[PDB]
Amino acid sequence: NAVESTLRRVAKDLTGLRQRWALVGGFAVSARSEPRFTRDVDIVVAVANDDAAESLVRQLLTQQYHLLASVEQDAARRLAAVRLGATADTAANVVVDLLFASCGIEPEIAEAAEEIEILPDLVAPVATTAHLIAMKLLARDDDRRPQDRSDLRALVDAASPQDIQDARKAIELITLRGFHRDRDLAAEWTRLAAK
């Protein structure tokens, strides 16, 4: 409700700014598999560099958002993501996460995303099932994020064989770019799948 209002708002704001963007997170998993409880908006935004990301964040802070946190890292792309606090709606305050260089394949995710009617009269770009599988494998944390393991099950159960292969190729690109850190994500996937 308030979450849905925030989604519509950030959707219209990013598109008006001509940003290459895609929904990830709960709305996207819900769209690709089984609707599940979602209380924030998670978006990938493909931009050229940190300077472009910061220019976009300053543009949003002139509108109905305030900055709650920045995620910075030692990589060539120092700005990984920002967390914004939305005030589109008035029942409760709602978080909006913008991901720039968090998983390392933000450009490919925005490019492969597909237009889907998420809400009545809201068509938004949604990450592919394969890209969501890759993202959830990377982000899985059972002490801090137990929804990831369940989301991953739902996504794999909803995927086609080609989706699975696309996910494995998405994992290799993440790894080629160093975003795996020290982890063999494909081997982790195999072991989770054995159950």
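So that there is no doubt, residue numbering starts at 1 and follows the sequence shown.
Engineer: Mean CA temperature factor from the deposited coordinates, higher in 115-123 or in 99-107?
Structural biologist: Comparing averages over the C-alpha atoms only gives 115-123.
Engineer: If you average the CA temperature factors over each stretch, which comes out higher, 144-152 or 51-59?
Structural biologist: Comparing 144-152 with 51-59, the higher average CA B-factor belongs to 144-152.
Engineer: Taking the entry's C-alpha B-factors for this chain, is residue 129 in the lowest, middle or highest third?
Structural biologist: Tercile = lowest for this residue's CA B-factor.
Engineer: Relative to the other modelled residues in the chain, which third contains the C-alpha temperature factor of residue 12: lowest, middle or highest?
Structural biologist: Ranked within chain, residue 12 CA B lands in the highest tercile.
Engineer: Taking the entry's C-alpha B-factors for this chain, is residue 136 in the lowest, middle or highest third?
Structural biologist: Ranked within chain, residue 136 CA B lands in the lowest tercile.
Engineer: Using only modelled residues of the chain, where does the Cα B factor of residue 157 rank: lowest third, middle third or highest third?
Structural biologist: For residue 157, the deposited C-alpha B-factor lands in the middle third.
Engineer: Lowest, middle or highest third: where is residue 163 by Cα B-factor in its chain?
Structural biologist: Middle third by C-alpha B-factor.
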